[PDB]
Structures are given as C-alpha cells and as structure tokens.
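**Student:** Let me give you the structure first, and then I'll get to my questions.
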Amino acid sequence: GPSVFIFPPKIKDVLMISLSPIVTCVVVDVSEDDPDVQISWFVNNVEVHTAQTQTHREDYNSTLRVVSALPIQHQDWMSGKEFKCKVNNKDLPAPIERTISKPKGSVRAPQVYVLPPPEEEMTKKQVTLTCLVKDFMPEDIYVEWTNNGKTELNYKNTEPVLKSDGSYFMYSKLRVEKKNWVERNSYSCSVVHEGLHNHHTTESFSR
Amino acid sequence: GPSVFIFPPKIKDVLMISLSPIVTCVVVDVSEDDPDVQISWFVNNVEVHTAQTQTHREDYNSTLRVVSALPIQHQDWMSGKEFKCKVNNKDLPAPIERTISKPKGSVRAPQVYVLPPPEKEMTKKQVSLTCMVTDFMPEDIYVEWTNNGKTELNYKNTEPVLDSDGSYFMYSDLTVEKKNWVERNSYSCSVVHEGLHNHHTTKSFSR
Ligand SMILES: *[C@@H]1O[C@H](CO)[C@@H](O[C@@H]2O[C@H](CO)[C@@H](O[C@@H]3O[C@H](CO[C@H]4O[C@H](CO)[C@@H](O)[C@H](O)[C@@H]4O[C@@H]4O[C@H](CO)[C@@H](O)[C@H](O)[C@H]4NC(C)=O)[C@@H](O)[C@H](O[C@H]4O[C@H](CO)[C@@H](O)[C@H](O)[C@@H]4O[C@@H]4O[C@H](CO)[C@@H](O)[C@H](O)[C@H]4NC(C)=O)[C@@H]3O)[C@H](O)[C@H]2NC(C)=O)[C@H](O)[C@H]1NC(C)=O
Ligand SMILES: *[C@@H]1O[C@H](CO)[C@@H](O[C@@H]2O[C@H](CO)[C@@H](O[C@@H]3O[C@H](CO[C@H]4O[C@H](CO)[C@@H](O)[C@H](O)[C@@H]4O)[C@@H](O)[C@H](O[C@H]4O[C@H](CO)[C@@H](O)[C@H](O)[C@@H]4O[C@@H]4O[C@H](CO)[C@@H](O)[C@H](O)[C@H]4NC(C)=O)[C@@H]3O)[C@H](O)[C@H]2NC(C)=O)[C@H](O)[C@H]1NC(C)=O
C-alpha cells in the first residue's frame, strides 16, 4: 500500500526571513486504481488549508507519488510547533499520520575560520582554500563560499561530524586558481546557523 | 523469513599486514522456532572451514541474529577473489547465497597536507590542526593523528566527499592545547590507502 514520509524545511529557508520554508509530506506507491489521495495538515493540531499538493508519475517502477508542500511560518518551526500531515485514501485501511518538529536542545554558534592553502601546495596551478566551521549546535547549518559576495560554483562541503563534547564541525573546500588567490581578493566563507547574530556570518582573509 | 547481508573487511584491516581482515555474513531475523542456521564459506568456489559463527539476541526488537566471521588473506581480497557464504535453515525454501569482492576501479593515491591553526585561533587555550587529504580513489581510507608516534585521542575525521572529477577528499581535525602546539611537538597525520607506498604515508609540520 501507499507509504508516507515527512520532511523538515531547509535550514536556510527557515533561518532567513526573506525565504519560504516548507514542510513536505510525500506519499509513495500510490496506485492509479485509487489515485485521489487526500493530505490534510495541522499545526499544533489546528488544521491549515494552504498546502500545495501534486501527483507525479514515477516511471522508474511505474508508481505514483503525491507530494504535499505546506508553507510554514519561520517562528512556528523555530518555536517548536508540531506539523502533522494526515493521509486518506480509498485503498488505506486507516489514515496514515506523520508528525515533525524542530528538536529541542542547546544552541551554540559556530566558530568560523578560513585557512590558506598548504605551503607545499603553492607550487601548483590550483590551490585549496579551507573554511573550518566548528563547535556548533544543533547540526543544522548552511555553508557556502562567495567571491565578491557572489556565490561560488566550485566548492564542496563535508557533512557535519559529531565531536566527543557534543558539538559539531564541518569543512568547506574551495579550489581556486593560484593567480586569483595571490592577487587581492575577497574570498569569503558564508555560514547560516541558528546561533549566529541575524543567523548569518561571513569570514574573509586578512590578505 | 531470515535475510542475509554480507560485509567487506575494514579498509585498515585489509591494507595493513599486521591486522586481521574479515568478511562477515549476517543472518537477520532468525526464528526461535528454527534457530539452527548452517553457514558454509567459499573462496573462489573452494570451500573453507575457518569461519567463526555465533548467535546473538537483538534486544531492540527481541529477535535473533547469526554472525559468521571469515578470516581472510589480505592478498586474496586485494587480487579480487570472490567470497561467498551459503546459508541453510529448515525454514528456508532454498539456500541463500551472498558474494562479495573488492570493487573494480582506478586507484589514485591521496595528496596529504597538514595545516596549522588559523592565526586568529592561536591566542585561544586550544587550537585546531587540520589534516587535509585530497584527490584519492577509491574512497576507502583510514586517517589518524599521532604525536611522538603514539596515536592521539582528541581527533575526529570527516567522511570522504566525492569531488566533481571523481576523486574524494576528507579532513581530520586534531584539537590540542595551545601550549602543546607552541612548544616542541611532533604532531603528524598518518593515512592508510591502497595507492600509497606500503599503503601508508605520514605528514608532519615544521619541515
Ligand atoms: C518506486 O520508486 C520510488 C522512487 O525510488 C521509491 O520511492 C522511494 O521509496 C523509499 C521507501 O521505499 C523512500 O525512502 C525513504 O527516503 C527518505 C529520504 O528521502 C529523501 O532522500 C532520498 C534520497 O536520499 C530522495 O529520493 C527522497 O526524494 C527524499 O529527498 C528529500 O525530499 C524532500 C521533500 O521532497 C526534500 O525537502 C529534501 O531536501 C530531499 N532530500 C534529499 C537529500 O534529496 C528516508 O528518510 C527514509 O528513511 C526512513 O524510513 C525508512 C523506512 O522506509 C527507515 O529505514 C529509515 O531509517 C528512516 O526511518 C525514519 O527514521 C527517523 C529517524 O531515524 C524516524 O523519526 C522515522 O519515524 C523513520 N521512518 C520510518 C518510516 O521508519 C526512506 O529511506 C524514498 O524517499 C522514495 N523516493 C521517492 C523519490 O519518493 C518507491 O519505494 C518504489 N516503490 C516500489 C514498490 O518499488
Ligand atoms: C530488528 O532490529 C534489527 C536491528 O536494528 C534489524 O536488523 C537490521 O535489519 C536491516 C534490514 O531490515 C539491515 O539493514 C541493512 O543494513 C546494511 C548495513 O548494515 C551495517 O550498518 C548498519 C547501520 O547502518 C548496522 O546496523 C549493521 O550491523 C551493519 O554494520 C545495508 O547495507 C543494507 O542495505 C542493502 O540492502 C537493502 C535491502 O534490504 C537495500 O535497500 C539497500 O539499498 C542495500 O542494498 C544493497 O545494495 C548494494 C549496492 O550498494 C547491492 O550490491 C546489494 O546487492 C544490495 N543488497 C540487498 C540485500 O538489497 C540494509 O540496509 C540491518 O543491517 C540490520 N541490522 C543488524 C544490526 O542486524 C532487524 O531487521 C529488525 N527486525 C524486525 C523484525 O524488526
């Protein structure tokens, strides 16, 4: 039968007031025999009616997928309200319900440092700039590199790793042409996290 | 019914001649009523008799698990020999077989760099030393920090990340007391990977 998964908003969306956070309910293995899936939504058990719901054909295995995207208030997520989807269909013996909310826990802002290329690497054509983001809680975070404030393309992040002390850390690696590194620049590491002032910080090199 | 999962040796075990690589066959959801699983082992279809097999209770959901651990020859894994477990039980309609072997692919040795603390961190009570390990294939790798040849305690690794070009990279973060960094030390990063001479390299500072 159909099964149901619930997904949180993207951390960047829920921390940036200008963005549009969404909680998503996905119903997989929907059948064309009973395709009229109903998804109802509740915020602390108060029903809301604004979700955008669409059916998609998954040709990988000839199934249907119903995706319901509920737009949410930033503060409702951040204050810990519960978001619940209730899934009804003619082929379900009983409704399926899923709930998600922001976990409780300590907040610790990340320490953000940018590290120059290793000296041994300076004889190469391309060099590596390292953004180190550490000592942060919870693990939800958004990290990017920018050049002149304009988001880069050739950067790669690690996933956050749990430390022994309970905080997390990650790195963002940026490969640049050595010419651009030696010449004066504004390569910067941008970090979006709950613990930061205005949920955002940037870090640049001194020279 | 019972299901069967097979697992390769740990990369450190199979690359280091002093260690003991194992291929493991796990039979999950064995029943109290028919618990007598017979597990036979084959290396390139030649039967071998050295595996150690044990039954365990899983208290999370009150089930049984049979774990069969085959000690293997390092070179047999590295040269691509196939390792096969055949699982018999009376509640099985037919035997279940699993095979595993070293995946094919290109080998590229890691570039290994050690990075000093960010200058803005040097006045704090603790500093971070970074081992940056890049440009390696396959992703299977082992990294540690040592001081005076002894393995450190307060280091944590990221999991390898796939780069655009098909290579992988990771970081190992060693946090030390700033006093110990400033005074003479021998902090070093050791990397175990198939592409390295004797599968091992080390990188130190102040050189
Ligand atoms: C036909 O083909 C279909 C297409 O492949 C296939 O659909 C797939 O079905 C599987 C289930 O069989 C389902 O798997 C789940 O995936 C969850 C993660 O989904 C993410 O990421 C994957 C890729 O990693 C994507 O494919 C998904 O689309 C989804 O992407 C996210 O989408 C949201 C909203 O669109 C975005 O906002 C995100 O940004 C985006 N992320 C990314 C990275 O892209 C995963 O969470 C599920 O795991 C949980 O359930 C399992 C049980 O099924 C457990 O084993 C597992 O441990 C997890 O358990 C949960 O654990 C929590 C904490 O540990 C608990 O709190 C929960 O209660 C617990 N849940 C349960 C149920 O126990 C799961 O692996 C795929 O998502 C789905 N793909 C799509 C595209 O729909 C069909 O199955 C095929 N059918 C047949 C008959 O063959
Ligand atoms: C009771 O509770 C126990 C304990 O939780 C539970 O046992 C687990 O059962 C699940 C299956 O239901 C097992 O899942 C597999 O895990 C594999 C990894 O296992 C390691 O890591 C986990 C933690 O991450 C440890 O718990 C574990 O001890 C090992 O260290 C994973 O590899 C498996 O995934 C493969 O198989 C599934 C199909 O089942 C498939 O969906 C995956 O995509 C993947 O498929 C394989 O893909 C490769 C390509 O990459 C392909 O080559 C290969 O052919 C595919 N193989 C198959 C079979 O498809 C899977 O997720 C888990 O290991 C069990 N844990 C333990 C500790 O035993 C019981 O199931 C519970 N029982 C009940 C009744 O509740």
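Letters A, B, ... go to the chains of the structure tokens in the order shown; residues in each chain start at 1; ligands are counted from 1 in the same order.
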At a cut-off of 10 Å around ligand 2, and using only C-alpha atoms and all ligand atoms, what residues come up? Please write them as a ChimeraX atom specification.

**Tutor:** /B:1-7,24,26-31,56-67,98-100

**Student:** Using only C-alpha atoms and all ligand atoms, which protein or nucleic acid residues are at most 6 Å from ligand 1, as a PDB file with C-alpha atoms, in the first residue's frame?

**Tutor:**
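Generated output (selection.pdb):
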ATOM      1  CA  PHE A   7      10.459  16.205   5.679  1.00  0.00           C
ATOM      2  CA  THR A  24       6.713  18.303   2.948  1.00  0.00           C
ATOM      3  CA  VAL A  28       4.900   6.897  -2.298  1.00  0.00           C
ATOM      4  CA  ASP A  29       3.495   3.841  -4.096  1.00  0.00           C
ATOM      5  CA  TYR A  60      11.376   4.035 -12.588  1.00  0.00           C
ATOM      6  CA  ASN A  61       8.913   1.438 -11.254  1.00  0.00           C
ATOM      7  CA  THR A  63       4.210   4.065  -9.454  1.00  0.00           C
TER       8      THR A  63
END

**Student:** Between A:17, A:137, A:23, A:182, single out the one closest to residue A:169, counting only C-alpha atoms.

**Tutor:**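 The closest residue to residue A:169 is A:137.
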
**Student:** Skip residue A:173 itself and residues of its chain fewer than 2 positions away, then list as a VMD selection string all residues within 7 Å of it, counting only C-alpha atoms.

**Tutor:** chain A and resid 128 to 131 155 to 157 171 175

**Student:** Please produce an output containing N, CA, C and O atoms for each residue in the selection, written as a compact mmCIF listing (two decimals), in the first residue's frame.

**Tutor:**
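Contents of the output file out_1.txt:
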# COMPACT_ATOMS: atom_id res chain seq x y z
N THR A 128 43.96 25.34 -2.66
CA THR A 128 42.79 24.96 -1.88
C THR A 128 42.59 25.93 -0.73
O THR A 128 43.48 26.11 0.10
N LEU A 129 41.41 26.55 -0.67
CA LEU A 129 41.03 27.39 0.44
C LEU A 129 40.08 26.60 1.33
O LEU A 129 39.16 25.94 0.82
N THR A 130 40.30 26.64 2.64
CA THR A 130 39.54 25.78 3.55
C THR A 130 38.74 26.63 4.51
O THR A 130 39.30 27.44 5.24
N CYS A 131 37.43 26.41 4.56
CA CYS A 131 36.61 27.02 5.59
C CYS A 131 36.36 25.98 6.66
O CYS A 131 35.84 24.89 6.37
N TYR A 155 32.80 24.71 -5.01
CA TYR A 155 33.06 24.44 -3.60
C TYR A 155 32.33 23.17 -3.19
O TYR A 155 31.27 22.84 -3.74
N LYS A 156 32.89 22.45 -2.21
CA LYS A 156 32.32 21.19 -1.73
C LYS A 156 32.38 21.12 -0.21
O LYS A 156 33.42 21.41 0.38
N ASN A 157 31.28 20.70 0.41
CA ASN A 157 31.21 20.68 1.86
C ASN A 157 31.28 19.24 2.36
O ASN A 157 30.80 18.31 1.69
N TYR A 171 33.77 21.18 7.18
CA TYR A 171 34.67 21.96 6.35
C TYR A 171 33.98 22.26 5.03
O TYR A 171 33.15 21.49 4.55
N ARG A 175 38.43 25.15 -4.37
CA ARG A 175 39.56 25.16 -5.29
C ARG A 175 39.52 26.42 -6.14
O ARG A 175 38.52 26.70 -6.80

**Student:** When the cut-off is 12 Å and we count only C-alpha atoms, which residues of chain B are near chain A, given as a PyMOL selection string?

**Tutor:** chain B and resi 111-122+127-135+153-165+168-175+203-207

**Student:** From the options B:147, B:68, B:73, B:123, which residue's atoms come nearest to residue B:51, counting only C-alpha atoms?

**Tutor:** B:68

**Student:** Using only C-alpha atoms, find the one residue out of A:77, A:168, A:5, A:145 that sits nearest to residue A:26.

**Tutor:**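 Nearest to residue A:26: A:5.
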
**Student:** Could you go through chain B and tell me which residues DSSP, when run on the backbone, assigns to alpha helix (DSSP H), listing them as a list in words?

**Tutor:**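 So the alpha helix (DSSP H) residues in chain B would be residues 11, 12, 13, 14, 15, 74, 75, 76, 77, 78, 178, 179, 180, 181 and 182 of chain B.
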
**Student:** May I have the selected residues written with N, CA, C and O atoms, as a CSV table (one decimal), in the first residue's frame?

**Tutor:**
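The resulting file, again.csv, is shown below:
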chain,number,residue,atom,x,y,z
B,11,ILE,N,38.9,-1.3,5.7
B,11,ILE,CA,40.0,-1.0,4.8
B,11,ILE,C,41.3,-1.0,5.6
B,11,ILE,O,42.3,-1.5,5.0
B,12,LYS,N,41.3,-0.5,6.8
B,12,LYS,CA,42.6,-0.6,7.6
B,12,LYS,C,43.1,-2.0,7.8
B,12,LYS,O,44.2,-2.3,7.6
B,13,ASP,N,42.1,-2.9,8.1
B,13,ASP,CA,42.5,-4.3,8.3
B,13,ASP,C,43.1,-5.0,7.1
B,13,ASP,O,44.0,-5.8,7.2
B,14,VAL,N,42.5,-4.7,5.9
B,14,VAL,CA,42.9,-5.4,4.7
B,14,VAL,C,44.2,-4.8,4.1
B,14,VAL,O,44.9,-5.4,3.3
B,15,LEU,N,44.4,-3.5,4.4
B,15,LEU,CA,45.6,-2.9,3.8
B,15,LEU,C,46.9,-3.1,4.7
B,15,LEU,O,48.0,-3.0,4.2
B,74,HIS,N,44.9,-11.0,3.2
B,74,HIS,CA,44.9,-9.7,2.6
B,74,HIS,C,45.0,-9.8,1.1
B,74,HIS,O,44.2,-9.2,0.3
B,75,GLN,N,46.0,-10.5,0.5
B,75,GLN,CA,46.2,-10.6,-0.9
B,75,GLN,C,45.0,-11.2,-1.6
B,75,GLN,O,44.7,-10.8,-2.8
B,76,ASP,N,44.3,-12.1,-1.0
B,76,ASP,CA,43.1,-12.6,-1.7
B,76,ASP,C,42.0,-11.6,-1.9
B,76,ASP,O,41.3,-11.5,-2.9
B,77,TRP,N,41.8,-10.7,-0.9
B,77,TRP,CA,40.9,-9.5,-1.1
B,77,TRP,C,41.5,-8.6,-2.2
B,77,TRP,O,40.8,-8.3,-3.2
B,78,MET,N,42.8,-8.2,-2.1
B,78,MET,CA,43.3,-7.2,-3.0
B,78,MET,C,43.4,-7.7,-4.4
B,78,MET,O,43.2,-6.9,-5.4
B,178,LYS,N,46.9,24.8,23.2
B,178,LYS,CA,47.8,25.8,22.5
B,178,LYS,C,49.2,25.7,23.0
B,178,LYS,O,50.1,25.8,22.3
B,179,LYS,N,49.3,25.5,24.4
B,179,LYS,CA,50.7,25.4,25.0
B,179,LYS,C,51.4,24.2,24.3
B,179,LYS,O,52.7,24.4,24.0
B,180,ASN,N,50.8,23.1,24.0
B,180,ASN,CA,51.5,22.0,23.4
B,180,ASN,C,51.8,22.2,22.0
B,180,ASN,O,52.8,21.7,21.5
B,181,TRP,N,51.0,23.0,21.2
B,181,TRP,CA,51.3,23.4,19.9
B,181,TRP,C,52.5,24.3,19.8
B,181,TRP,O,53.4,24.2,19.0
B,182,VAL,N,52.6,25.3,20.7
B,182,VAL,CA,53.6,26.3,20.7
B,182,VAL,C,55.0,25.6,21.1
B,182,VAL,O,56.0,25.9,20.5

**Student:** At a cut-off of 9 Å, using only C-alpha atoms, what residues contact stretch 81-94 of chain A? Leave out same-chain residues fewer than 2 positions from it and give the result as a ChimeraX atom specification.

**Tutor:** /A:1-2,4,6,23-25,27,31,33-45,68,75-79,96-102

**Student:** Selected residues, C-alpha atoms, written as a tab-separated table (two decimals), in the first residue's frame, please.

**Tutor:**
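Written out: part-v6.tsv:
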chain	number	residue	atom	x	y	z
A	1	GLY	CA	0.00	0.00	0.00
A	2	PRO	CA	0.96	3.68	-0.04
A	4	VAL	CA	4.25	8.26	3.85
A	6	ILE	CA	7.62	13.74	6.24
A	23	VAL	CA	7.21	21.15	5.40
A	24	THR	CA	6.71	18.30	2.95
A	25	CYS	CA	4.58	15.14	3.08
A	27	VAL	CA	3.06	9.58	-0.33
A	31	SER	CA	-1.86	3.39	-7.41
A	33	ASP	CA	-6.61	2.34	-9.08
A	34	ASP	CA	-7.06	4.84	-6.21
A	35	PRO	CA	-5.09	7.96	-7.16
A	36	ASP	CA	-7.20	10.56	-5.30
A	37	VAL	CA	-5.04	10.86	-2.20
A	38	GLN	CA	-6.11	13.46	0.38
A	39	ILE	CA	-3.49	15.13	2.56
A	40	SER	CA	-4.66	17.30	5.46
A	41	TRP	CA	-2.31	19.47	7.55
A	42	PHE	CA	-2.21	20.59	11.17
A	43	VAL	CA	0.00	22.98	13.16
A	44	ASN	CA	-0.24	22.01	16.84
A	45	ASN	CA	-3.41	20.12	15.88
A	68	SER	CA	2.12	17.97	-0.48
A	75	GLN	CA	8.68	31.31	14.01
A	76	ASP	CA	6.35	28.30	14.24
A	77	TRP	CA	9.21	26.00	13.27
A	78	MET	CA	11.74	27.79	15.45
A	79	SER	CA	9.44	27.78	18.50
A	96	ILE	CA	-1.69	7.45	7.94
A	97	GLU	CA	-0.35	10.33	10.05
A	98	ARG	CA	3.16	11.75	10.25
A	99	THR	CA	4.45	14.50	12.54
A	100	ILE	CA	7.68	16.51	12.54
A	101	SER	CA	9.07	19.35	14.64
A	102	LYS	CA	12.33	21.12	15.44

**Student:** When you draw a straight line from atom CA of residue B:71 to atom CA of residue B:23, how long is it in Å?

**Tutor:** 6.6 Å

**Student:** Could you check how far atom CA of residue A:12 sits from atom CA of residue A:48, in Å to one decimal?

**Tutor:**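 Taking atom CA of residue A:12 as the start and atom CA of residue A:48 as the end point, the length is 23.4 Å.
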
**Student:** Write out as a ChimeraX atom specification the residues lying within 8 Å of residue A:186, counting only C-alpha atoms and excluding same-chain residues fewer than 3 positions away.

**Tutor:** /A:147-149,204-205

**Student:** Please save C-alpha atoms of the selected residues as an mmCIF file, in the first residue's frame.

**Tutor:**
data_model
loop_
_atom_site.group_PDB
_atom_site.id
_atom_site.type_symbol
_atom_site.label_atom_id
_atom_site.label_comp_id
_atom_site.auth_asym_id
_atom_site.auth_seq_id
_atom_site.Cartn_x
_atom_site.Cartn_y
_atom_site.Cartn_z
ATOM 1 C CA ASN A 147 33.600 35.762 -4.347
ATOM 2 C CA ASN A 148 32.785 39.486 -4.245
ATOM 3 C CA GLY A 149 29.663 38.441 -2.334
ATOM 4 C CA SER A 204 37.406 36.595 4.905
ATOM 5 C CA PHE A 205 41.182 36.505 4.803
#
